[PDB]
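Enquirer: Just dropping this structure here.
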Amino acid sequence: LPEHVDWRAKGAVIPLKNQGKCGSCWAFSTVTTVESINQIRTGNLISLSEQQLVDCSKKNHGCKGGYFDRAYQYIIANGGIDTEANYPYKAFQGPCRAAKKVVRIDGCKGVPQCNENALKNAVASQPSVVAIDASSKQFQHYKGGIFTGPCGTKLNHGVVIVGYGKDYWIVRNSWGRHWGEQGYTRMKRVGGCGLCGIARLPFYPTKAX
Ligand SMILES: CC(C)C[C@H](NC(=O)[C@@H](O)CC(=O)O)C(=O)NCCCCNC(N)=[NH2+]
């Protein structure tokens with residue numbers, strides 16, 4: 001595949017976000033993926049609402065927990081998601097409004113587990129959301145350079161792989177521009193089930209046209 005690919009320079013990836021003192025990693029991640037797939041086939045780059053998710057994906061748990069195989073189905077079975085402007089962020093759950101369906105997808109497809117060689121495939125076609133063990137000190141206290149550091153698998157956080165390189169990943173978090181490398185964190189590539197288990201639960205939204 002292309003040795004090195006970045007969806008941030010292609011104009012597919014929106015600026016960094018900030019989930020806030022709220023356990024909504026599961027929403028931010030799974031949502032920024034549906035943002036870049038819609039900015040690839042359609043050609044439009046919109047910032048959808050992570051709040052319509054905390055307020056409507058009842059299946060999940062707003063600010064305290066969430067999974068990918070349930071944030072996606074929500075967005076499809078409902079006709080779509082609403083933008084951020086319309087449905088701004090509040091940093092906490094609440095009722096579920098009369099929002100519109102500005103975007104949507106046909107489904108979602110999972111990538112072969114603990115297989116990074118082919119995860120580089122999906123991430124080479126479009127941003128793929130993943131889960132990791134983002135509770136370690138070095139992880140939580142990463143700033144620059146390529147993060148090798150300590151962390152045992154057993155995922156707890158969700159993010160978006162927006163690119164990669166000869167030996168590292170370009171992970172997209174959701175803790176503001178003041179964390180890691182301007183909101184992002186480059187995680188080394190290859191290892192088995194991945195660094196902080198990166199290749200354990202891969203996933204990305206699909207689309208027609
Ligand atoms: C794979 C990714 C999506 C991890 C996921 N984490 C979350 O949804 C959030 O808590 C993420 C966050 O940092 O806000 C997760 O596994 N959450 C578990 C749900 C609650 C389990 N915890 C309990 N019940 N002690």
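Ordering of the structure tokens sets the chain letters (A, B, ...), residue numbers begin anew at 1 in every chain, and ligands are numbered from 1 in the order given.
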I'd like to know which residues of chain A are alpha helix (DSSP H) (by DSSP, run on the backbone); could you write them as a VMD selection string?
Expert: chain A and resid 25 to 37 51 to 56 72 to 77 119 to 125 137 to 140
Enquirer: Around ligand 1, out to 10 Å and counting only C-alpha atoms and all ligand atoms, which residues are there? I want them as a count of residues only.
Expert: 42
Enquirer: Just the residues within 9 Å of residue A:186, please, counting only C-alpha atoms, with nothing from its chain fewer than 6 positions along; format it as a list in words.
Expert: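 Answer for this query is residues 144, 145, 146, 147, 164, 168, 169, 170, 171, 172 and 180 of chain A.
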Enquirer: Would you kindly return, as a list in words, each protein, DNA or RNA residue with an atom no farther than 7 Å from any atom of stretch 88-103 of chain A, considering only C-alpha atoms and excluding same-chain residues fewer than 2 positions away?
Expert: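 Here the answer would be residues 19, 20, 22, 49, 50, 51, 52, 54, 55, 56, 62, 63, 79, 80, 81, 82, 83, 84, 85 and 86 of chain A.
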Enquirer: I'd like to know which of A:185, A:149, A:46, A:104 is closest to residue A:136, using only C-alpha atoms.
Expert: A:149
Enquirer: Compare A:199, A:12, A:75, A:187 by their minimum atom-to-atom distance to residue A:118, counting only C-alpha atoms, and give me the closest one.
Expert: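 Using only C-alpha atoms, the shortest distance to residue A:118 belongs to A:199.
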Enquirer: Please identify all polymer residues within 9 Å of stretch 41-43 of chain A, counting only C-alpha atoms, omitting same-chain residues fewer than 3 positions from it, and present them as a list in words.
Expert: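 Selected residues are residues 12, 37, 38, 207, 208 and 209 of chain A.
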Enquirer: How would the residues just picked look written out with N, CA, C and O atoms as a PDB file, in the first residue's frame?
Expert:
ATOM      1  N   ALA A  12      -9.800  15.548   4.872  1.00  0.00           N
ATOM      2  CA  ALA A  12     -10.862  14.633   5.260  1.00  0.00           C
ATOM      3  C   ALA A  12     -11.060  14.654   6.771  1.00  0.00           C
ATOM      4  O   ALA A  12     -12.140  14.358   7.268  1.00  0.00           O
ATOM      5  N   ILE A  37     -15.540   9.540   6.067  1.00  0.00           N
ATOM      6  CA  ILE A  37     -15.979   8.664   4.984  1.00  0.00           C
ATOM      7  C   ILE A  37     -16.915   9.502   4.110  1.00  0.00           C
ATOM      8  O   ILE A  37     -16.984   9.334   2.891  1.00  0.00           O
ATOM      9  N   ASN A  38     -17.621  10.429   4.747  1.00  0.00           N
ATOM     10  CA  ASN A  38     -18.540  11.319   4.044  1.00  0.00           C
ATOM     11  C   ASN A  38     -17.714  12.401   3.333  1.00  0.00           C
ATOM     12  O   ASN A  38     -18.200  13.063   2.429  1.00  0.00           O
ATOM     13  N   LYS A 207     -19.971   3.192   3.059  1.00  0.00           N
ATOM     14  CA  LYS A 207     -20.893   4.088   2.350  1.00  0.00           C
ATOM     15  C   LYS A 207     -21.089   3.693   0.872  1.00  0.00           C
ATOM     16  O   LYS A 207     -20.214   3.088   0.249  1.00  0.00           O
ATOM     17  N   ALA A 208     -22.240   4.046   0.312  1.00  0.00           N
ATOM     18  CA  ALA A 208     -22.552   3.722  -1.078  1.00  0.00           C
ATOM     19  C   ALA A 208     -22.207   4.870  -2.027  1.00  0.00           C
ATOM     20  O   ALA A 208     -21.687   5.901  -1.591  1.00  0.00           O
ATOM     21  N   UNK A 209     -22.505   4.676  -3.318  1.00  0.00           N
ATOM     22  CA  UNK A 209     -22.264   5.666  -4.384  1.00  0.00           C
ATOM     23  C   UNK A 209     -21.503   5.085  -5.580  1.00  0.00           C
ATOM     24  O   UNK A 209     -20.972   3.940  -5.480  1.00  0.00           O
TER      25      UNK A 209
END
